[PDB]
Structures are given as structure tokens and as C-alpha cells.
């Protein structure tokens, strides 16, 4: 079968851990505070910057997600896994359905 061996991965948990360890949200604070700082002082320009933090946080969102997907794929191919279901979509899994979360995290680049 094309889907013989299945696995689950905890995307939300990898997102969180990889964010913490890269600092992205610190970085995104630093990116912006000066422009908040010099505004809580000071306004259609609080909407030109509200739509900058969106576009950027999202952008940082995506880069982390694509780095984690790469990782899922390397671990799934390296262990001959055919499908990696997202954990948040799974209410139960047997041992025949391994959780690869920690293996995946270890490969994130």
C-alpha cells in the first residue's frame, strides 16, 4: 500500500519550540518597538504600521513552517514513512502510528 506506514507530528509544538530557539518573536519585537515607541508618544500611519507587523509576522511564520516541513520530510523519508498526519487532527494513535515530533525537531535546520 502507498500509505502503509503512517506517523503524526505536533506542528504547533514544533512551531513554538523552533520559534523560541530562533528568537523570531524577539526579533519581531525589536523590528518594531522603535516605531511603536515613537507613536505612543505622537495617525493613519498606525494603520500603515499595523499592516507591516502583520505582513512581517506572517512572513516569519511561513519561513518557520517551511523549515519544519523540510524536516518532517527528511525524517519521514529516512524512516520509510508514507504519511505524516498533523497531531492536532488526531484523537488517538497506536504504537503502529509513531509520533515523530522529537525526531523532526532534531533535524530542523
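Residue numbers count along the first chain shown, from 1.
The modelled chain breaks between residue 42 and residue 43, where 10 or more residues of the deposited sequence lack coordinates. Comparing the deposited coordinates for 68 to 76 and 50 to 58, the stretch with the larger average C-alpha B-factor is 50 to 58. On average the C-alpha atoms of 22 to 30 have higher B-factors than those of the other stretch, with 22 to 30 and 77 to 85 being the two compared.
Ranked by C-alpha B-factor against the other modelled residues of its chain, residue 109 falls in the highest third.
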